[PDB]
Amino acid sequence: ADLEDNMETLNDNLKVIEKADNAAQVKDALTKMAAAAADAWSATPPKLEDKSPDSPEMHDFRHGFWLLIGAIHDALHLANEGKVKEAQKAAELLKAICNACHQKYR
């Protein structure tokens, strides 16, 4: 899927988690976020279209997805353990990862 679609999937599922009642909802939304982050991995953002695929900027861009993927990984373990409140909290915190990338590259 395209970068915009993966970003919409990320945005929509984060909102789902905030509103969620049970573990199943949170688990499913995180799984979907994990897929979208991984699918966005090798995307070239408009701001970096002129840059080398192995430029410091693109390396830093990719690092941001590593960080997001890693945060979703832990949030899902928390949701798998029945720790729904803590998983929702982890989901809120990973917005800073979104924001940090967006500030530089969006």
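Note that residue numbering begins at 1 and tracks the sequence as displayed.
Novice: Where do the C-alpha atoms have the higher mean temperature factor in this entry, in 47 to 55 or in 75 to 83?
Specialist: Higher mean C-alpha B-factor: 47 to 55.
Novice: Please say which third, lowest, middle or highest, residue 91 falls into when its CA temperature factor is compared across its chain.
Specialist: Middle third - that is where residue 91 ends up once the chain's C-alpha B-factors are sorted.
Novice: Would you check the entry's CA temperature factor for residue 30 and let me know if it's in the chain's lowest, middle or highest third?
Specialist: Residue 30: CA B-factor falls in the middle third of its chain.
Novice: Considering every modelled residue of the chain and its Cα B-factor in the PDB entry, is residue 9 in the lowest, middle or highest third?
Specialist: Lowest third - that is where residue 9 ends up once the chain's C-alpha B-factors are sorted.
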